[PDB]
Amino acid sequence: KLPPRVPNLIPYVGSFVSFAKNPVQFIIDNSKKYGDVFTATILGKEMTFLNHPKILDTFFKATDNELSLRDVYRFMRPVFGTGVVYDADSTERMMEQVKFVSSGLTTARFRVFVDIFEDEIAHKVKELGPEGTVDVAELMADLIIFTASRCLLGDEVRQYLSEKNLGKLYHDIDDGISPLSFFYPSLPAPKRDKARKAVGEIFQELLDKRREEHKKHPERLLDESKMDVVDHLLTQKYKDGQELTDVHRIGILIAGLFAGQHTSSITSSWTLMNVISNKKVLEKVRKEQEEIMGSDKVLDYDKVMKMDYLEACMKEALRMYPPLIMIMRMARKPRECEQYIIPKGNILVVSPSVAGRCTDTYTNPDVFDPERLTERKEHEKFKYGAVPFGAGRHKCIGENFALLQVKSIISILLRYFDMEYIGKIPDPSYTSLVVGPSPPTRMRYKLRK
Ligand code: HEM
Ligand SMILES: C[C@@H](c1ncncc1F)[C@](O)(Cn1cncn1)c1ccc(F)cc1F
């Protein structure tokens with residue numbers, strides 16, 4: 001059989017409307033009507049949703065000529081650049097470029113990354129003063145924007161953030177995209193395209209500076225903890241021998257910073273909100289924090305490794321608010337799920353959000369409650385029963401830096417501040433590509449020494 005279709009409102013538009021209102025309720029809704037697998041027509045596209053953790057093996061283990069990423073995230077191309085990652089000329093090449101990123105995400109570096117978080121948050125505290133209120137979301141994204149850039153690019157980048165408005169340009173790029181672009185890649189976005197060029201020149205300036213610093217200081221290349229992604233990109237070839245071009249290099253740096261920022265900082269936000277808005281949770285985080293700092297006055301990587309509870313909380317926030325609510329592949333060959341045959345051409349879909357709220361796995365799924373993971377080990381039920389970082393051939397290569405980043409930021413913040421949130425925890429806003437908390441998200445903070 002072909003799977004149970006979802007009745008269209010209109011031909012073509014199909015089921016767009018109730019989907020776009022709320023994509024996640026839409027999938028769940030119709031799960032209950034038509035069970036684990038169903039098809040909906042959404043703006044001229046056949047889209048098949050795979051909803052129960054059981055049947056998601058064939059999805060995550062398929063190959064790039066069975067189930068294709070490149071065919072579905074290619075629209076990211078005005079942002080990332082041409083022939084780069086998902087618009088890169090082959091499966092094999094895409095993977096090679098990904099690795100250049102991940103190759104600046106090593107232990108030696110992660111230790112240097114924690115100084116960076118300290119450093120960046122020290123500056124932020126002056127700019128904030130002994131008390132006030134502030135937006136968590138703006139706050140997370142401001143920090144990460146600085147921490148990620150220094151982490152992946154090097155310290156050289158700072159001055160272009162401080163003296164040359166580099167943050168704004170990111171937004172002008174990162175606002176010039178949309179969940180709609182999926183259906184209409186060619187939609188014009190002239191403010192974005194002018195920024196992506198503006199950022200280009202700057203990254204080209206950055207590579208150009210870096211090339212001579214490898215002349216003036218060649219020892220840099222032996223020290224494994226001053227080797228950032230620019231460095232790896234300047235001294236690797238592809239496996240087949242061929243050099244990279246700067247415009248590939250630039251589109252990778254950019255692809256990594258995008259990855260590097262939006263999912264992280266939404267996750268911080270969701271997390272801190274739930275932590276400080278629940279006294280029992282916040283005791284244990286502070287109990288854990290205090291034991292682990294002991295006599296020590298600032299953070300290090302060992303310490304952050306040890307933060308098991310704060311980590312369960314981050315995870316618990318990812319179960320409830322994964323920022324990538326839909327994972328997608330295009331079928332290049334017909335595919336068999338359950339008793340059905342999902343046709344070639346279709347776009348298969350899996351949703352960490354729906355899974356985060358599937359009641360076989362998780363009990364009272366609407367309650368932030370890190371104990372469900374640490375103690376009732378609920379996530380361990382099914383093998384794909386918890387998927388905020390994907391799984392299989394394309395599982396997130398950023399997972400450990402993410403965790404390092406969110407835990408360092410929250411832990412350092414709680415050192416400095418008593419903080420409390422201001423009203424109900426918001427709902428998720430389905431307006432962006434990386435989903436996040438509806439604004440505003442306000443909190444009172446007061447210093448502590
Ligand atoms: C902080 C929360 C994060 C979440 C929830 C997240 C989530 C994901 C997910 C679900 C995927 C799978 C995509 C798919 O299968 O279609 C993925 C892939 C990826 N993520 Fe992340 N990510 C996070 C942070 C990061 C960071 C910090 C980096 C890099 C700095 C990163 C880089 C990537 C890359 C390069 C891939 C592509 C993997 C591949 O093509 O094989 N992510 N991420
Ligand atoms: C394709 C993109 C994405 N995928 C799915 N739904 C919405 C999206 F925006 C994403 O997977 C997000 N991502 C994953 N980890 C961090 N960010 C991604 C991957 C690689 C990359 F180099 C940049 C990048 F955005």
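In this chain, residues are counted from 1 in sequence order. All values below come from the heavy atoms of this structure, side chains included, with hydrogens, waters and symmetry mates left out. Both counts, for ligands and for their atoms, begin at 1 and track the order of listing.
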among protein heavy atoms, the one nearest atom 25 (F) of ligand 2 is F258 CD2, 3.0 Å
Could you tell me whether atom 21 (C) of ligand 2 has at least one protein heavy atom nearer than 4.0 Å? yes
Considering both backbone and side-chain atoms of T267, is one of its nitrogen or oxygen atoms within less than 3.5 Å of a nitrogen or oxygen in ligand 1? no
for atom 22 (N) of ligand 1, nearest protein heavy atom and its distance come out as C396 SG, 3.0 Å
Provide, to 0.1 Å, the distance between atom 24 (C) of ligand 2 and the closest protein heavy atom, together with that atom's residue and name. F80 CZ, 3.8 Å
Side chain proximity check, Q204 to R249, heavy atoms < 4.5 angstrom: no
Report, in ascending order of atom number, the atoms of ligand 1 lying under 4.0 Å from any heavy atom of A259. 25 (C), 26 (C), 27 (C), 28 (C), 29 (C), 31 (C), 32 (C)
Enumerate the atoms of ligand 2 whose separation from the nearest heavy atom of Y73 is less than 4.0 angstrom. 4 (N), 5 (C)
Given the protein's heavy atoms, is any one of them under 4.0 Å from atom 13 (C) of ligand 1? no
Element-labelled atoms of ligand 2 that are located less than 4.0 Å from some non-hydrogen atom of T263: 16 (C), 17 (N)
In this structure, does ligand 1 have an atom that sits under 4.0 Å from one of the heavy atoms of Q405? no
Answer with yes or no whether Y73 contacts ligand 1, where contact means a heavy atom under 4.0 Å from a ligand atom. yes
Numbered in order shown, the ligand 1 atoms found under 4.0 Å of a heavy atom of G256 are 30 (C)
Starting from atom 13 (N) of ligand 2, what is the nearest protein heavy atom, named by residue and atom, and what distance separates them? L324 CD1, 3.6 Å
d(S269 OG, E138 CD) to nearest 0.5 Å is 10.5 Å
Nearest-0.5 Å distance, OG of residue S103 to CG of residue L233: 7.0 Å
I need the nearest protein heavy-atom contact for atom 28 (C) of ligand 1: residue, atom name and distance, please. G398 CA, 3.4 Å
Pull out every atom of ligand 1 sitting under 4.0 Å from any heavy atom of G260, numbered as shown with elements. 27 (C), 30 (C)
In the complex you have, is atom 18 (C) of ligand 2 within reach of the protein, judged by whether a heavy-atom distance drops under 4.0 Å? no
Is the closest N or O pair between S264 and ligand 1 shorter than 3.5 Å? no
Counting from 1 in the order shown, the ligand 2 atoms closer than 4.0 Å to a non-hydrogen atom of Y86 are 1 (C), 19 (C), 20 (C)
Considering only protein heavy atoms, which is closest to atom 37 (C) of ligand 1, and at what distance to one decimal place? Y86 OH, 3.6 Å
Heavy-atom contact check, 4.0 Å cutoff: does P388 meet ligand 1? yes
When rounded to the nearest 0.5 angstrom, what is the spacing between CG in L299 and CG in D302? 10.0 Å
For ligand 2, which atoms, with element, lie under 4.0 Å from some heavy atom of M326? 5 (C), 6 (N)
Would you say ligand 1 has an N or O under 3.5 Å from any N or O of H394? yes
Suppose we measure from atom 24 (C) of ligand 1 to each protein heavy atom; which comes out shortest, and what is that distance? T263 OG1, 3.3 Å
Output the list of atoms in ligand 1 that are nearer than 4.0 Å to some heavy atom of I397, sorted by atom number. 34 (C), 35 (C)
Using the six-membered ring of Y238, assess whether NZ or CZ of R93 lies under 6.0 Å from its centre and within 45 degrees of the ring axis. yes
Is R329 close enough to touch ligand 1? Criterion: a residue heavy atom under 4.0 Å from a ligand atom. yes
Check step by step if salt bridge (charged side-chain N to carboxylate O under 4.0 Å, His left out) holds for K284 and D308. CA-CA 11 Å; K284 297 147 146 309; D308 298 31; over 6 Å; no
Run the numbers for me: atoms of ligand 2, each under 4.0 Å from some heavy atom of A255, listed by number. 21 (C), 22 (F), 23 (C)
Atom 9 (C) of ligand 1 sits nearest the protein heavy atom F389 C, 3.7 Å
Any heavy atom of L324 sitting closer than 4.0 Å to ligand 1? yes
Distance from atom 15 (N) of ligand 2 to nearest protein heavy atom, with residue and atom: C396 SG, 3.9 Å
Distance under 4.0 Å to a non-hydrogen atom of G390: what atoms of ligand 1 satisfy this? 9 (C), 10 (C)
Got a sec: does the CZ of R74 have more than 12 other heavy atoms crowding it under 6.0 Å? no
How does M328 reach ligand 2, if at all, at less than 4.0 Å between non-hydrogen atoms: by side chain, backbone, both, or neither? neither
Value for OG (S408) from CD (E120), rounded to nearest 0.5 Å, stands at 13.0 Å
Among all protein non-hydrogen atoms, which one is nearest to atom 9 (F) of ligand 2, and what is the separation to 0.1 Å? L433 CG, 3.8 Å
